[PDB]
Amino acid sequence: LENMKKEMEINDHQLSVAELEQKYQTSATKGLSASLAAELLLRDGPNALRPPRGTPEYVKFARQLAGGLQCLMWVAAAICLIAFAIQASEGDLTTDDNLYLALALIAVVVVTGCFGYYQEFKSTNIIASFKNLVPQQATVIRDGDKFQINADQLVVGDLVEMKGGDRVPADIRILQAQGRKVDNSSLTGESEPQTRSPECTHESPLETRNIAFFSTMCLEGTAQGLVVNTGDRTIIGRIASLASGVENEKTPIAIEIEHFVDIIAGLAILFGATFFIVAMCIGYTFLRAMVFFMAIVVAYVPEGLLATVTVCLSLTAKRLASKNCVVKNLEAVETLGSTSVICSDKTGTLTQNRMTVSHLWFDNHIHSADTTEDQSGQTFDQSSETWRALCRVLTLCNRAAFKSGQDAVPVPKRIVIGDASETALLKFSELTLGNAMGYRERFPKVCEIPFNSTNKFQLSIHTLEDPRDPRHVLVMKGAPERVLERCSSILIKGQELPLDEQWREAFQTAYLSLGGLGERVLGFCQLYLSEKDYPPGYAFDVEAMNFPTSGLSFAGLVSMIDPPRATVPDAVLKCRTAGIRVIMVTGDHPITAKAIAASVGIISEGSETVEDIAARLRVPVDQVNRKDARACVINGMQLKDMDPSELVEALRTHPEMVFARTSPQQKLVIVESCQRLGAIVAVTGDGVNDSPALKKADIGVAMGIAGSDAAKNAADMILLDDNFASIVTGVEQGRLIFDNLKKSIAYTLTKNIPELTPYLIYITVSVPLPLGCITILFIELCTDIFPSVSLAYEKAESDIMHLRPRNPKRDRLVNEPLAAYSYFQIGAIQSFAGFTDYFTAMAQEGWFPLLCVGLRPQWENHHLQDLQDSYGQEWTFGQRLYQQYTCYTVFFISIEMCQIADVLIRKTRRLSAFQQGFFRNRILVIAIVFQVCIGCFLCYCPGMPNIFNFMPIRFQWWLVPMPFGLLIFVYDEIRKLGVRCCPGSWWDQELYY
Amino acid sequence: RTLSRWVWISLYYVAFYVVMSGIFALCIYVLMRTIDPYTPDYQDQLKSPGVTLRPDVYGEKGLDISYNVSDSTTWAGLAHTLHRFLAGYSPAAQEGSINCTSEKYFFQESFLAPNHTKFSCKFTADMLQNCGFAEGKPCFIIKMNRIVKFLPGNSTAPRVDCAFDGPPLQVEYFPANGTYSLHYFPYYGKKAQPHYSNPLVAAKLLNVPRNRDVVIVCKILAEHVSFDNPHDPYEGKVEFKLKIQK
């Protein structure tokens, strides 16, 4: 089970170097023997990952063929052949109906298979992306000699060496290292380099310095280590298996589809058999009994419906594509519109993932800078002379420079060569001050002391730009405390003054507050060296303190920061209005995580955590009742201790939750916990650390620009633009699709009744068959298709975003209210309209309705050329048939005519056509025109009477169903009027789809 | 599936399907009003008259009557239908109609109720000479489909010639001074003329041959008559395959 993989790992970092060797049977200096390494290779197996097994496409296609409807269609197709077979043997029947109808039905199943197959798509190449990471080989020390070997050859126990630029070949216990830094973004999602040393820093192995992990790479320095784990055994290797291990799952939309299929299938079987027996009692021969059955199957199954759904989904997907939202899986189009909880990564998802300056402390005041990329904020302070002094140090005391050719791009966007801190400062001055280079030009730097590990400060001496006294100015920056020890005076406003305790205290307060913000704080100070003491020639010695470091003047403090994407706060609120719970799950530190949570709106104003209550009350945390706190921030270290039941409690107990410093597996655990509740969950993320969570999520959405390749492979949907707003659109789109799908389904189903009823009457009444099997296919396959699809275009009747997410258990795509309206009410009206035209055609021809009962035996008899009508005229076999076929054609047209009203009514569930406007939908109107055009073409075009048995209809014939079509429009309009008038229940509960 | 609410369902449909049968019937009964109780609104379809025969067709009969002269039981099926039709033209049945001769069309007036039952021409089975019935070499009877206010013909009578070229057979016709006599038309319709009798034309195939299927088609000619057979083989003609397999 994957369950093992869900848990946190255990390691050997605690052991001493020597002890580690004992377990491994290895040598710290010499390394393993060639023989020993080989022996372990056979024992343990290769240092490689082995992907799981998959399925073929052929099987995938065939599986669809067994989609209920397909099953019924199959029985019909075979039953056609069966009747044909009986026929061929017994009496030579020249006809080819059955045989042909059998052919047609089989084709319908196959084509339908393609549609479902298309919908069912799963494009997944997760393992492939991981394979892309793999390097080649690794250097090991064996027999006291270092040599490069195939990485797979690596085994636990050997001595491995890595240097900057190499990927860690396997999990390693660091024995020795020199200036080694590593990028553990694979585990954390954070790219900042982490030092690696032999010393054991922390109890958690994920945190400790002495371990280096596979799937990460060495940024700089060199290190040697002993391999603890290989292949699948590695920490990431397990994550790989887990990601591979987790099932794709089934989309909710898919579940809904199967649900109605069972309903429709059930009714189909019931009526099918129910009438089969009823016929036998009647004395119908098996030869006939089967033919009726085939008709029943065709009438009951909506042949066109599954395809319509696929088309509607595809159309919705196309609109989203225009949005820069690409949908890999057609079903995913809905999912979103069914999400109840969103688990979101912070960095690169919610946030821009771009560092930047925060605020500054000068003139005994805290000022806040504009963090936003577009710089949507306001200015903190231009005027104070103190600012200029601070600005100069930030510019001068800085090594960083912009890459050339950047001029086109905005200042915060451009790439800079230097550390993050210096780049932030550079960008800060360049923005407010103008070109930094100019400042560096005006004040030439004669001498400088670069930031030292020991010194903890950086110092520079420049020639004052002022022509009056182009003398030497000294500037330095470093740890705030250290700079403070160095200063005698403070530049308050323009003038300096002695550093009294009061100002010093203010410094501490400012320093503590900024730090509380989770911001990195730096101190800045300068000193105007005395001119007499330093001549213009005066040489300065960098190595030896040639000039005074103390009694300097403290200018001010500067702190740093990052930010949410512009759309994010709004999007979060919209999700919340929708009733979706938003949870933050991030690798990042808690102070930062909580701050952003407030910024984005994950934590609403006034909501408190247990810790914040304790602070405000100034009472112990133990004393606070946890129930009192709606909001919670949980650190990963704590999470590790907790059982899932405990996790469940946290989820139930808090509305606003932040999971910080989580590992990738813990993200998965959080997702599973939410799902355990029975909630549909969406995950949003950009990093590799998101991969397991993304896979597990009912729907995973990855950021396109920012996103790593792995995250994108893990996800169901990609936001190409990184537009978070798209999530809100996505949720609305799924809901709209469900709402529109219901309309389209009801529309399609309603026509089933007029198809069913003629067959029933045929048996009970013994009248000539009102409508044929072929004719049914003309409706479901031909006429109804465009109109049914057009419903996908419908706009929302109400504020969809306002409502809560659908209860997948309770609210279904097809429910009893839909059947009652489609089958019971409207379809019934359509059936009569069909019959009426049937009676009119026959009566006009000479067969009055009275005469028709019990006529079919004579009517069908091929032998009887002389059937007598009401008039007393005699008709041949073929002649009467023409009339009969004409009846089929008019009945067919009557369905089309009745469908016109149905299309209009299906347009809105609640609202009136007047309100919605039965009009804005261009596609819908096109559907009406094309459907009529097709029907006319089918009746009028020459040759169609041969193949389809459609006959030309008189102008008057078109009119027959008109009164029925109108009644439907009025009836539905009155019904809906009632629903809106009284939200109470009766009409609503029963009929409201 | 509800409870103590089903009464809200049953009662619903009771007077909704009620309302709908009520409307459906509502529209049949209006339609029915606008038709003449003596003549259909459209005659086209029927327009070319069909020709039908007495012998129940096994398949393409009228004489697709394969039987054995040597066997009594073999013919009996065809005889039943034969007797059934002829029984109708009994003299007992005709008392009150009028006697005619072979001649022109007779016009009873318009297709109106103001006159009583339009008097039809009498037809004696006796006119069909020599025709249980033919045990060997059957004597099939032909008939022209009735069509109101239709006058087929020109000259005295509409001919019927049956033909196979085509192996030997001997055609003999028995038709009341002629073929189809014109005095029988036009047909007023069942409402206007109840026990109306249409002219019959007996045909006898004395053919010398035996033991082979002979495709014999009997055709009627007229300006009014047209034929298909690319569809209704009945349209103004017969398709009978006689086989006296003995």
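Residues numbered from 1 in each chain as written, not as in the entry; some residues may be left out. Chains lettered and ligands numbered in written order. Heavy atoms only, no water.

Some remarks on empty space enclosed by the protein
Residue and element names in this part refer to chain B. Our working definition: Points on a 1 Å grid over protein atoms alone make up a cavity when a 1.4 Å probe fits among them but cannot get out, and a pocket when they form an open set with protein on both sides within 12 Å along at least five of seven lines; lining residues each have an atom within 4 Å of a point. Grid points are joined across faces, edges and corners, and a volume is the space filled by probe spheres set on the points. Labels follow the DSSP assignment, with helices taken as runs of H or I lasting at least four residues and strands as runs of E lasting at least two, numbered in each case from the N terminus. Amino acid classes used here: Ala, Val, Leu, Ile, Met, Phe, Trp, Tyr, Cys and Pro are nonpolar; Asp, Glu, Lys and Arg are charged; the rest, including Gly, are polar.
A volume near 110 Å³ is recorded for the largest cavity. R54, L63, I65, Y67, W75, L78, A79, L82, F133, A134, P138 and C139 together form the lining of the largest cavity. Counting residues per element, the lining of the largest cavity draws most heavily on helix α3 (residues 72–87), which supplies 4 residues. Of the residues assigned to the lining of the largest cavity, the class counts are 11 nonpolar, no polar and 1 charged.

Considering helix α9 (residues 252–282) of chain A
We count it as follows: Expected span, for any helix, means 1.5 Å times one less than how many residues it has.
Between its first and last C-alpha, α9 of chain A extends 45 Å over 31 residues, near the 45 Å set by a 1.5 Å rise per residue. In the stretch just after α9 of chain A, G283 of chain A is the one whose phi turns positive, near 105 degrees.

Some details on the state of the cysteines
Residue and element names in this part refer to chain B. Note the cut-off: Note on terminology: disulfide denotes any pair of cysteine sulfur atoms within 2.5 Å. Between buried and exposed lies partly exposed: a residue is buried under 20% and exposed over 50% of the maximum accessible area for its type, with that area taken using a 1.4 Å probe on protein chains only.
Under the criterion given, the structure shown has 3 disulfides over all chains. Two residues, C100 and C121, share a disulfide whose sulfurs are 2.0 Å apart. Of this pair, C100 sits in the loop between α3 and β3 (139–144) while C121 is found in the loop between α3 and β3, placing the two residues 21 residues apart along the sequence. Owing to a relative accessible area of 40%, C100 belongs among the partly exposed residues under this scheme.

What about the domain arrangement of chain A?
The criterion, for reference: Domain ranges listed in this record stem from an automatic or a database domain assignment.
Per the domain assignment, the segments making up chain A are domain 1 (8–47 + 135–239), domain 2 (324–351 + 565–722), domain 3 (356–561) and domain 4 (759–991). Taking only C-alpha atoms into account, the centre of domain 1 of chain A sits 74 Å from that of domain 4 of chain A.

Points about the UniProt feature "disulfide bond" in chain B
Residue and element names in this part refer to chain B. We apply this condition: UniProt positions are given in the numbering used here, feature names are shortened, and annotations may be inferred rather than shown by experiment.
Annotation check: the disulfide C131-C139 recorded in UniProt is satisfied, the sulfur-sulfur distance being 2.0 Å, below 2.5 Å. Comparing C131 with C139 shows no difference in burial state: the two are buried. With sulfur atoms 2.0 Å apart, the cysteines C162 and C218 match their UniProt disulfide annotation in this structure. Taking relative accessible area as the criterion, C162 reaches 12% and is therefore assigned buried.

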